[PDB]
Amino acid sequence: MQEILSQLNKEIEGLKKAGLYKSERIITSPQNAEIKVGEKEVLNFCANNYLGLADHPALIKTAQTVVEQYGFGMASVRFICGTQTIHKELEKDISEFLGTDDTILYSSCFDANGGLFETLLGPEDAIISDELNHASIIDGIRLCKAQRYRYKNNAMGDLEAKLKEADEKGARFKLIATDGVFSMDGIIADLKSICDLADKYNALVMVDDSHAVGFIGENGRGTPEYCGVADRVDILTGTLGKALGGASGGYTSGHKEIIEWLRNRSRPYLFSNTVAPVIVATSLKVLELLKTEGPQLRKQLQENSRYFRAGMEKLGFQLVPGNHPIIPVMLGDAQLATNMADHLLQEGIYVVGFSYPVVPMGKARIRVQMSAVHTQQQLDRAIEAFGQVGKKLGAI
C-alpha cells in the first residue's frame, strides 16, 4: 500500500511542479450567467449551459412536481423494474425531435458511447475515428474487436485514405465515428463530405452531437440538420448534461434495429441503474421548451456570439473562425492563458484556459462559451475586461 503511495505522491508532485494539478473552484450558487465562485459574484463563460436551462424556473418547478409524482429513485436497471412511462416517452420524444426511429436512454453520453461499438461491431469489422473524437468514443472503441483507424481532424482527406486502407483490408462493416463539433475549436464537422464518403465506401455514419443538439441547426437539431445531411447519419449519440438541462443522462438514437440490439446487449444499459425520474421527467419539459422558447434562445445565442466576436476582433484578439457558441481565443502561450483566466476571474469574468496535452503546445487558448441568456451588458463587461487584462498582460 505504502509502496504505491510512494509512487502516487511523487507523481502528484510532478503534476503540481509542472503546472498540471487540477484544483477545483467551488461554485456557491445555481448555474447561471451570474454565479458565485467562492464569495465572488462573477459572470460565467465556462459552462455548457448553451441555452441557460440549468436553472430555468419552468424546469425546477417541473422537477419539484415530478420528483413527488414519480419518486426519487427506481433502484433497478431498465430491464428489471427500472423502466417507467417517462423513459419510453422521453426516448419516443427525442426520436421525434431528432427525426429517428427510436432512442436508447443512458445515465450519460459517456456510457452511451462506451456501450455502442462493442455491441454493434466485432473483429470482422472496422471503426474509423477522427483524431480529436471525445474520450468516451475513444474508450468505447477500445472495448471493441473491430479494426481501428484514426484520420486527421476534418481531413477528407486522411479519412478517405483510412477508408481505402480499411476497405482494402476486408472489413465487413465500416463505421465512421466523429464528434459533431470539436470542443476546442468550435469547428463543426464536415458531414456532407463525410457522408459523401460513406456512400462510395459503403460505410455507416456515427455522430456524437453533444455540443450541438439543442441549438445547432435551423430547428436546433444539430450537425445533421446543419450540414443538410439528415437521414444520412446512421447513429446519433448525445448528452443531456449540456444544452438540455445540464443535470445528466445521455442517449443513442437511430434505426429501430440498432437501438433494439443495444437495448438487449449494451452492457452499460444492462448493468447500470436507470436514469433518475427527476431528470427524465424534467427532460420532457425541456423538449417542450425547445419548441416554444428554442427559436428565441437560438437567435439570442447567435447574436451573442456575433456581438462577442466583433468586440474581440477589435481589441486585437485572434479567434478561431467559425459560427458556433464556442469561441476559442488563441493565446498560444500556456502561461498567458492561465494568467489571463486568473486575472479575468478578478475582473468578475470566469473563464478557463486549456493547454497541452489538451491542445497542441504553442496553441494554448481560453475557451469562452456563449449562453442564450448572456445579456449585452454582460458581454460588454466581459469584452471590456478582456481589454483590461488583454493589454495589462501584453496580449493585445
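The first residue of the sequence shown is number 1, and the count goes up from there.
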- [ ] Could you settle it for me: does 309-317 or 187-195 have the higher average Cα B factor in the PDB entry?
- [x] 187-195
Task: Segment of higher mean CA temperature factor, 11-19 or 382-390 - done: 11-19
Open item on the list: Using only the C-alpha B-factors in the record, can you name which of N48, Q346, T338, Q69 has the highest?
Closed with: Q346
TODO: Name the residue from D93, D209, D101, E218 with the greatest C-alpha temperature factor listed in the entry.
DONE: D101
Task: Chain thirds of CA B-factor: placement of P325 - done: lowest
Task: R367 by Cα B-factor - lowest, middle or highest third of the modelled chain - done: middle
Open item on the list: Could you place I35 in the lowest, middle or highest third of its chain by Cα temperature factor, using the values in the record?
Closed with: lowest
Open item on the list: Please place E225 in the lowest, middle or highest third of its chain according to the CA B-factor in the PDB entry.
Closed with: lowest
- [ ] Determine, from the deposited record, the chain-internal third of the Cα B-factor for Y201: lowest, middle or highest.
- [x] highest
